[PDB]
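Working notes, structure below.
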Amino acid sequence: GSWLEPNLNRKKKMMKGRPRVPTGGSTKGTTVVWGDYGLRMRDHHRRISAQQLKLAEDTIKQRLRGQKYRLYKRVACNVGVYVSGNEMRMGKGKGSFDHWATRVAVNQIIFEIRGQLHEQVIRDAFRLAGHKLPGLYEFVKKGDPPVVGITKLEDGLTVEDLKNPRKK
Amino acid sequence: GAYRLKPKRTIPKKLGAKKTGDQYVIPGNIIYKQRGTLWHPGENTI
RNA sequence: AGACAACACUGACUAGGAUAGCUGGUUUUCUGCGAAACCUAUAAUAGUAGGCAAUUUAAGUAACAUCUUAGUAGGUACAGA
RNA sequence: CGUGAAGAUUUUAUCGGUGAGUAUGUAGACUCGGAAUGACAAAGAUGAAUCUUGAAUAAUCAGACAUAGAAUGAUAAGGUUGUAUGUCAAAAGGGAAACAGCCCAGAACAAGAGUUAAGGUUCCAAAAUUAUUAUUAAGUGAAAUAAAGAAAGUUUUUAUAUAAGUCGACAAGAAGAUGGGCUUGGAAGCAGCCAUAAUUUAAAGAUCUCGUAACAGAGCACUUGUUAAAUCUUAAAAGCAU
RNA sequence: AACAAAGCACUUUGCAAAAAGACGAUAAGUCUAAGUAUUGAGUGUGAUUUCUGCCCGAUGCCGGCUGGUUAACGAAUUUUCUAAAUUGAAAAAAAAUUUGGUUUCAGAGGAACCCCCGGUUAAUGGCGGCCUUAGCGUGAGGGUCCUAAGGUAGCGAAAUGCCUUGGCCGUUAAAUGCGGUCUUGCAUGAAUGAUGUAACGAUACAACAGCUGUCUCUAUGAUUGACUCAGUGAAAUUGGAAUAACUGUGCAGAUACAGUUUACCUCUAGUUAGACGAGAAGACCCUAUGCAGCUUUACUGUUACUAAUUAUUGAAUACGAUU
RNA sequence: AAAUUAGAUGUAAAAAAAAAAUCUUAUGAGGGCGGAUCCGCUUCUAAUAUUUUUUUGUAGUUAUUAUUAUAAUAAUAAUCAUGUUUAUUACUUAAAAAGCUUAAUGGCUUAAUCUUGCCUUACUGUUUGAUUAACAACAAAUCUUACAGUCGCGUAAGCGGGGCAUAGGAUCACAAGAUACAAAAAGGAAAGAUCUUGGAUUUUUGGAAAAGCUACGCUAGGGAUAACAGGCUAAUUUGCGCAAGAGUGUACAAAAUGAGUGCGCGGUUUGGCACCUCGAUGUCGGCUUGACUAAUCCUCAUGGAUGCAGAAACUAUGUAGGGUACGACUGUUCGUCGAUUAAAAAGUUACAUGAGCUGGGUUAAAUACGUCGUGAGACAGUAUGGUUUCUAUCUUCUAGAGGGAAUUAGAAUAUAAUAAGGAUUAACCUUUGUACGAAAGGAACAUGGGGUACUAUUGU
RNA sequence: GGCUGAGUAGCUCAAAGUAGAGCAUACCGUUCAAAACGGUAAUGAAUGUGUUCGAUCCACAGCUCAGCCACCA
RNA sequence: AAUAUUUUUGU
Ligand SMILES: [K+]
Ligand SMILES: [K+]
Ligand SMILES: [K+]
Ligand SMILES: [K+]
Ligand SMILES: [K+]
Ligand SMILES: [K+]
Ligand SMILES: [K+]
Ligand SMILES: [K+]
Ligand SMILES: [K+]
Ligand SMILES: [K+]
Ligand SMILES: [K+]
Ligand SMILES: [K+]
Ligand SMILES: [K+]
Ligand SMILES: [K+]
Ligand SMILES: [K+]
Ligand SMILES: [K+]
Ligand SMILES: [Mg+2]
Ligand SMILES: [Mg+2]
Ligand SMILES: [Mg+2]
Ligand SMILES: [Mg+2]
Ligand SMILES: [Mg+2]
Ligand SMILES: [Mg+2]
Ligand SMILES: [Mg+2]
Ligand SMILES: [Mg+2]
Ligand SMILES: [Mg+2]
Ligand SMILES: [Mg+2]
Ligand SMILES: [Mg+2]
Ligand SMILES: [Mg+2]
Ligand SMILES: [Mg+2]
Ligand SMILES: [Mg+2]
Ligand SMILES: [Mg+2]
Ligand SMILES: [Mg+2]
Ligand SMILES: [Mg+2]
Ligand SMILES: [Mg+2]
Ligand SMILES: [Mg+2]
Ligand SMILES: [Mg+2]
Ligand SMILES: [Mg+2]
Ligand SMILES: [Mg+2]
Ligand SMILES: [Mg+2]
Ligand SMILES: [Mg+2]
Ligand SMILES: [Mg+2]
Ligand SMILES: [Mg+2]
Ligand SMILES: [Mg+2]
Ligand SMILES: [Mg+2]
Ligand SMILES: [Mg+2]
Ligand SMILES: [Mg+2]
Ligand SMILES: [Mg+2]
Ligand SMILES: [Mg+2]
Ligand SMILES: [Mg+2]
Ligand SMILES: [Mg+2]
Ligand SMILES: [Mg+2]
Ligand SMILES: [Mg+2]
Ligand SMILES: [Mg+2]
Ligand SMILES: [Mg+2]
Ligand SMILES: [Mg+2]
Ligand SMILES: [Mg+2]
Ligand SMILES: [Mg+2]
Ligand SMILES: [Mg+2]
């Protein structure tokens, strides 16, 4: 399969589900691991579709065409969305397959790029991909600390300092 | 159900612990109902 | 033309003999207690029965509720791959 | 390479598969790890009889909303269906302008500048025009947060520039090998392709925006000088505003 | 436009005691009819011109074997209990056979309907697909599958055509209309009749001429009401009302609640925006193990009618079969 | 590619001894002390476990090497072996899977699997305690215990009342066996009763032998429940905006243009929900009469426009004062079309307005066509026809009055500040054939177009 | 919008242990030549994926599809 | 004497 079309069966339906909301101090997926830069969702957790992620890649390729780069995708559309007709009435079972989607938590990286290009040339690519993706996104470099919830672990801040009941 | 109705409501089996630790029991009292041997019979149990 | 058969006709009028799990109504005061809209069954779903369970006032209580201390069952949030 | 068609033998940063990884992510039908809560029973203590049984004997079996967390819908519904807690139903009174379900609090009857909860104290209207420190100039807002986003609005903080003249303006310069090579009717920095170690200078990209049919020409990067600031440069982040 | 209708067609009725048909808790009997196959009854169609095609498979009716089936009837069978006798047992004993009484099983043969054969469409009814081509094209022609038979003549965007305001022509300055025509007809069709004229129509649609207050666009005039005075004197209606506007609220559309605003008290004639105005316990929709009528190859029944037979009811030859 | 067979982990098998400590146990010493074996405190001893603990010993046998005088000593190597080497035995070999009567889940490998021997407890009667008092009742159920009876297997202990577990409906009636209960005068019997057992899509499976139409319809009820409108919601729309900028624009992103998207407003469509109304909220168009919104068709002011010469037009910002007509077709809203016009734009108000009108459509009874149905009949299929009620009590409203309260003793006449409404269009000529333009074409500003009277102005 | 039934040789049609029989086609022979005729041969189970010892066959999802229902206001 | 299969085409 692929990151937009998995090797799953469309017959077996899936529940709506909910994105991951780490409430225990988890930095899972909030850092650049492969490339030099990244694109972080910094507003709220959502469920991005395979059509909104396909256009994001096409928007980055169009802006960086003719240049040497390596685009990494850190999200997979492994959630089958099933929609019943918006003209039908309530009941009569669950809806039919509509599209593949992926649930993303807050402050999680979406794309990562590694190439012999200028930083400002990559910003414009990630800036255009954010105006066409659902929500708000941010430009992230490699080496910067992870994010626990909506708070970055900057200036020596650790996950245990956030769990300490005393903060004042 | 769905487009084709299919009632699916089975009688509850109520499997699990019927007696907790340090609970008084006389001969015959069920202590644990289970499918298979999750717990095995020990001392003075059948 | 389901037309007409004397206010009525997809079957008149009159006397005699009904039911209605439905709607409506049920009249003085003080005092004590005080629900439910759930489960199971039902040619059953706006009905009913048995339970849970409201009330009366007798006999019981090692009753019931709650906390403390020690112990047990079970895998949710979370976290992880 | 090679045979009459055959195929044979080597390579790839091509597609699929296989092995390894204490690599990264993903979770209703994964849980190696693992709460709180809730549940069961034992003893003790406390408490408002609230419990059980005997006898006698009902109503109810259209529920609603709030909060949390889900399924479903469209991550819509004052939607539908479970779970946990409460209220309403059957609960008046105070607050939420008005209010079944929300925040407080459970009305037997009177008296009191009585004592308090939620909530509030300039006037309507009982009580502060009460003290302290900042922000806003928009009546923003003041008891139902409209979004992304823009911007010499303003404040703070963290960096950073400055009599070695920051910032701004003004004056002059901004070369040469050389119309780079290619392409093109023509391509001279400036249609397009390839290259873009040098040289000489106070500095000057085989060229960032205009201009030419193509040259020419006007600007920029960059360089010098003059004017001139003794808390006064530039940028970012955050707070409240437009 | 429905019904009837003259006409048309099919089925039925031989009259000897009752023609068939209708009626008669049910008969005698009556109409039919003091009629007789050119009579009566029933069914469909709906004068006339031109016409009425194919299928008897299904369903219905009718006819037909020295046939099969065949209830009653019935040749041949088979039991339960009990009494007596015999037999047996004769040990604490049944058991078996026969007869009486009692109570069961049992079916060679043996009617109609039915099975079987045939007939009937102006009886109820039914009257099809697929590929291929003289070049593209068109499809005369040629392939095949199935049916009882595959819609014939005619008609055809129709009172029938959803798509659709179908294409074209005429009519209109402008045609979703009307008329004509082409028709590949969702879903025309031949007595559930097909089709074209004359005549007829308070039927329906469309056009022309004339005509007009229908309209451009209303005006004036007359009478009776309306209005006032005198006389007489109702009705529906009404929880009680000191019965304003806005925004919000709320069983979710406020005269009545919140806030603000506005308004001196009271009548008359007009007007109908609201009072979810009045009237009729919504005909629509849904509910009730509520009704009524109708329908049928719904369930369970009764009849018309058909078939066999005891009885009333006796003979005779046969012919023949059981044996 | 796919047939059979043989394989697919490693370790151990001469043998220990001793000292202390930390617990935990003991039906050990009948321990001691408070209240023999009861209980909380308790020392001692024993046993298991735990320390990485303090160590000691690690030989013998066979053989090798070195030294010493074949033996001794030291080191090194091998060493389960008195046993048919096909050795054997103990332990170990992830998870999944296979197997265990059938789906799925859990479980079993130390048996619930497999092999073999003997068997048939897949027994009879009664009975215990449970399923936190089976299924949130009852009933049909499930697991388990004991006594008696008599069978199997096993050396024995003991095991066995079907299957690894969780999915097979009663009574009645009927049929076959047993019990010896009762026997409607009596002796029998029949028909009953108890025990065991069989035959069920009693599948609406706590268990009726059961097809439709009604538009001719009726009654009792329901906003507990649909159609109209309102409310909530905003997927969607025939309603819009903002952000970004692939691309078009001979050049040049933003004059115009704007793919696929993102962030929103709005409440005008189709829906969703079913909150109000079924002891009654009349409904599509038309007429009449309005009121309001502004997302603008015309008219007025105006920015941008290699793509603004002029003119016209495009786009955008202000702005809703007025206007947005006539006719043919269709029941039509809508839409198509004809011909004028400065233009012939929209929407909300119960898709405003039927106690203001109309009734062509939709939606009753009648009838026909086609289609469907065996039929009665039905049809977002089509046709012709088809009773449209009400004297206004109240609020609001349009007009007119009776009374009154005014700086105030009361009048007549004429009246102000001020308030509430009303009026509200557009085009052409002159200017001027001027600006602009190669030409065609053709503005803006300003003046006048009240007068065959006055006056003003232009000609004669 | 919502269900149902179908798909095999070039063209027809038949059929969980099979793929058959026609027509067409091809080779040859008959005729002066061609057709007809005669003789002798070669042609398939859609699209995957499951079930089963084995699938034209059973199950499932697509493509092609045709047919039917889209009723009361 | 009373018999009777079929057999198209040729710029
Ligand atoms: K009822
Ligand atoms: K009380
Ligand atoms: K009380
Ligand atoms: K665990
Ligand atoms: K404000
Ligand atoms: K007729
Ligand atoms: K006729
Ligand atoms: K026939
Ligand atoms: K027949
Ligand atoms: K007439
Ligand atoms: K109400
Ligand atoms: K009114
Ligand atoms: K065995
Ligand atoms: K007797
Ligand atoms: K008429
Ligand atoms: K005045
Ligand atoms: Mg975005
Ligand atoms: Mg079932
Ligand atoms: Mg009728
Ligand atoms: Mg009548
Ligand atoms: Mg309750
Ligand atoms: Mg029943
Ligand atoms: Mg609700
Ligand atoms: Mg509800
Ligand atoms: Mg109630
Ligand atoms: Mg209250
Ligand atoms: Mg307040
Ligand atoms: Mg006080
Ligand atoms: Mg005060
Ligand atoms: Mg060059
Ligand atoms: Mg005739
Ligand atoms: Mg007769
Ligand atoms: Mg005929
Ligand atoms: Mg026949
Ligand atoms: Mg007989
Ligand atoms: Mg017989
Ligand atoms: Mg016979
Ligand atoms: Mg024809
Ligand atoms: Mg006919
Ligand atoms: Mg009078
Ligand atoms: Mg209101
Ligand atoms: Mg009041
Ligand atoms: Mg009036
Ligand atoms: Mg009222
Ligand atoms: Mg077994
Ligand atoms: Mg229970
Ligand atoms: Mg039942
Ligand atoms: Mg049950
Ligand atoms: Mg009718
Ligand atoms: Mg409701
Ligand atoms: Mg301009
Ligand atoms: Mg004005
Ligand atoms: Mg209206
Ligand atoms: Mg009205
Ligand atoms: Mg009045
Ligand atoms: Mg004007
Ligand atoms: Mg003059
Ligand atoms: Mg010739």
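Note that each Cβ is placed from the backbone with ideal geometry, even for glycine, and that neighbours are counted across all protein chains shown. Values quoted throughout were computed directly from the atomic coordinates according to the rules given, and no laboratory measurement underlies them.
Per the listing A:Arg89, A:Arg65, the residue uniquely over 25 Å from A:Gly29 (Cβ atoms), more than 14 Å from every other protein chain (Cβ to nearest Cβ) and surrounded by fewer than 18 Cβ atoms within 10 Å (Cβ to Cβ) is A:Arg65. Answer yes if at least one residue in the stretch A:16-37 is part of a strand (DSSP E or B), more than 8 Å from RNA strand D (Cβ to nearest atom) and either within 14 Å of another protein chain (Cβ to nearest Cβ) or not hydrophobic (A, V, I, L, M, F, W, C) (or both), and no otherwise. Within the stretch A:16-37, one or more residues are part of a strand (DSSP E or B), more than 8 Å from RNA strand D (Cβ to nearest atom) and either within 14 Å of another protein chain (Cβ to nearest Cβ) or not hydrophobic (A, V, I, L, M, F, W, C) (or both).
Hey, can you tell me all the residues within the stretch A:68-86 that are more than 14 Å from chain B (Cβ to nearest Cβ) and surrounded by 14 or more Cβ atoms within 10 Å (Cβ to Cβ)? A:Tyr69, A:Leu71, A:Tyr72, A:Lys73, A:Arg74, A:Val75, A:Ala76, A:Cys77, A:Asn78, A:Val79, A:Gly80, A:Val81, listed by residue number.
Looking across the stretch A:130-145, the residues that are in contact with a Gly (Cβ under 9 Å, 6 or more places away or on another chain), away from RNA strand F (no atom under 16 Å from the Cβ) and of a type outside the set (A, V, I, L, M, F, W, C) come down to A:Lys141, A:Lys142. Look at the stretch B:33-46: where a residue is away from RNA strand G (no atom under 16 Å from the Cβ) and a partner is not in a loop (DSSP other than H, G, I, E, B), sitting 6+ places away or on another chain with Cβ atoms under 9 Å, you get B:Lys33/B:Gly16; B:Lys33/B:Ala17; B:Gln34/B:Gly16; B:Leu38/B:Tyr32; B:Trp39/B:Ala17; B:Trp39/B:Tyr32.
Does A:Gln116 qualify as being within 16 Å of ligand 17 (Cβ to nearest atom), within 24 Å of A:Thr59 (Cα to Cα), polar (S, T, N, Q) and touching a residue at least 24 places away in the same chain (Cβ under 8 Å)? For A:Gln116, the condition - within 16 Å of ligand 17 (Cβ to nearest atom), within 24 Å of A:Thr59 (Cα to Cα), polar (S, T, N, Q) and touching a residue at least 24 places away in the same chain (Cβ under 8 Å) - is not met.
In the stretch B:8-40, which residue that is within 30 Å of A:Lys92 (Cβ to Cβ) and more than 14 Å from RNA strand D (Cβ to nearest atom) is farthest from the chain's Cα centre (by Cα)? Among them, the one singled out is B:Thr10. Note on the stretch A:1-48: residues that are hydroxyl-bearing (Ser, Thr, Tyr) and within 16 Å of RNA strand G (Cβ to nearest atom) total 0.
In the stretch B:2-22, the residues that are more than 14 Å from chain A (Cβ to nearest Cβ) form Cβ pairs under 8 Å with partners that are assigned to a loop (DSSP other than H, G, I, E, B) and among the hydrophobic types (A, V, I, L, M, F, W, C), at six or more places apart or across chains, as follows: B:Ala17/B:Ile31; B:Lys18/B:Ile30; B:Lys18/B:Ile31; B:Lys19/B:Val25; B:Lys19/B:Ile30; B:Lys19/B:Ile31.
Listed here are the residues, each with its yes/no results for (1) in a loop (DSSP other than H, G, I, E, B); (2) near RNA strand D (Cβ under 9 Å from one of its atoms); (3) over 26 Å from A:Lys13 (Cα atoms).
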{"site": "A:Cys77", "(1), (2), (3)": "yes, no, no"}
{"site": "A:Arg103", "(1), (2), (3)": "no, yes, no"}
{"site": "A:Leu117", "(1), (2), (3)": "yes, no, yes"}
{"site": "A:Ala129", "(1), (2), (3)": "no, no, yes"}
{"site": "A:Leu133", "(1), (2), (3)": "yes, no, no"}
{"site": "A:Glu154", "(1), (2), (3)": "yes, no, yes"}
{"site": "A:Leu162", "(1), (2), (3)": "no, no, yes"}
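Scanning the stretch A:1-15 for residues that are more than 7 Å from RNA strand D (Cβ to nearest atom) and in contact with a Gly (Cβ under 7 Å, 6 or more places away or on another chain) yields A:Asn7, A:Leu8, A:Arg10.
Taking the criterion of being touching a helix residue (DSSP H, G or I) at 6+ places or on another chain (Cβ under 7 Å) and either on the phi > 0 side of the Ramachandran plot or not hydrophobic (A, V, I, L, M, F, W, C) (or both), the only residue of the stretch A:107-126 that qualifies is A:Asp124.
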